[PDB]
């Protein structure tokens, strides 16, 4: 597979990857996250770990488990770290510490390199035997809930290194190496690969959507950070000026936000609130290819790979003005950054009325992703991070 990327990035970048890999051949690597299906992390690791094994690295991926009480606390930590808001019961921290002990009984941690993904398994560093520990942070920790951050920083400060998705998430209250590596698209994955028009038409018609009329698409969870209510409001304001346009919200399974979204949508039937299983990579691909304009109007976003996915398919993106959306959406070049539903509506109308601009944005989007956000560059920077941090350990 690794040899097939040459056509996108060129022989140089692939030679560099083989050389870093040669220097890492005798190291065992563990990745630990919280889900094997759906979400940015799982989608990265499903592509990146097979690439690592192909390069002859002893690379393994384990998933922690928990009671819904644990996943309640980690979800409240996630929101508290990103928004800086919420009351956190003192009990929440004991539940967390308890489930770090449990998973540390059921997951062997004798590797040369351990990558811990996001806050859920961060406490496993208590039970670190030998090897280089790296905290892979996928979320916005720039302005966190002081008490939840205070706690987590106690664990983060025992790692050999932190990886964040953009430099702006680097903390002045950590002394460990903080390295910026954005998530990437795999151009050959089922999510991103070329499709025949037939596949696109088939999948679009199946879900009741008209391929002859403009499609506005957000791919995201029915979650408050993605602001699906705000996307509806955006579409409602714009629809007055583009009465031929359709909205497709394409989610995967709180989930109270869905009902709130169905409500905010009541009285408009060109709004299609879809829910697919997390495996439905070709379906997302088809819809992103069928879209005229893609939205990712997140309130908070670590990166948002759905943006690079749309840009790679030469779609302009209206992105929320926050986190890693800012490094993907170059205002007026690859899309537009917005602070409100009203701004989103202005840019929706502008893009739908301006064909040549959408197409220019599209080309600039794909080139931006080529230069910055392809799996080959993520992989290369991962191997460089490992080489650097293992040598320091």
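Rigid core (definition): largest C-alpha set, two forms, superposition within 1.5 Å. Positions refer to the first chain, counted from 1.
Novice: When the other structures are laid on this one by the rigid core, do the CA atoms of 75-83 or of 256-264 sit farther away in 4 other deposited structures of this protein?
Specialist: Result of the core-fitted comparison in 4 other deposited structures of this protein: 256-264 deviates more.
Novice: Name the stretch, 342-350 or 35-43, whose C-alpha atoms sit farther from the shown form on average in 4 other deposited structures of this protein, taking the rigid core as the superposition reference.
Specialist: With the rigid core superposed, the C-alphas that lie farther in 4 other deposited structures of this protein are those of 35-43.
Novice: Going by the PDB record, how many residues of the deposited sequence fall between residue 194 and residue 195 without any coordinates: none, 1 to 3, 4 to 9, or 10 or more?
Specialist: Gap between residue 194 and residue 195: none, chain continuous.
Novice: Per the record, averaged over C-alpha atoms, which has the higher B-factor: 199-207 or 288-296?
Specialist: Of 199-207 and 288-296, the stretch with the higher C-alpha B-factor average is 199-207.
Novice: Take the C-alpha B-factors listed in the entry for 240-248 and for 319-327, compute each mean, and give the stretch with the larger one.
Specialist: Higher of the two, by average CA B-factor, is 240-248.
Novice: Tell me, please, which of 118, 283, 263, 227 has the highest C-alpha B factor according to the deposited entry?
Specialist: Among 118, 283, 263, 227, the highest C-alpha B-factor in the entry belongs to 263.
Novice: Just grab whichever of 160, 301, 309, 98 has the top CA B-factor as deposited.
Specialist: Most elevated C-alpha B-factor of the set, per the entry: 98.
Novice: Against its chain's modelled residues, does residue 79's Cα B factor rank lowest, middle or highest third?
Specialist: Middle third - that is where residue 79 ends up once the chain's C-alpha B-factors are sorted.
Novice: Quick one: classify residue 347 as lowest, middle or highest third of the chain based on its Cα B-factor.
Specialist: Residue 347: CA B-factor falls in the lowest third of its chain.
Novice: By the recorded C-alpha temperature factor, relative to the other modelled residues in its chain, which third is residue 135 in?
Specialist: Tercile = lowest for this residue's CA B-factor.
Novice: Going by the entry, which third of its chain does the Cα temperature factor of residue 184 land in?
Specialist: For residue 184, whose C-alpha B-factor we compare with every modelled residue in the chain, the answer is the lowest third.
Novice: Among the modelled residues of this chain, does the Cα B factor of residue 369 put it in the lowest, middle or highest third?
Specialist: Lowest third, going by the recorded CA B-factors of the chain.
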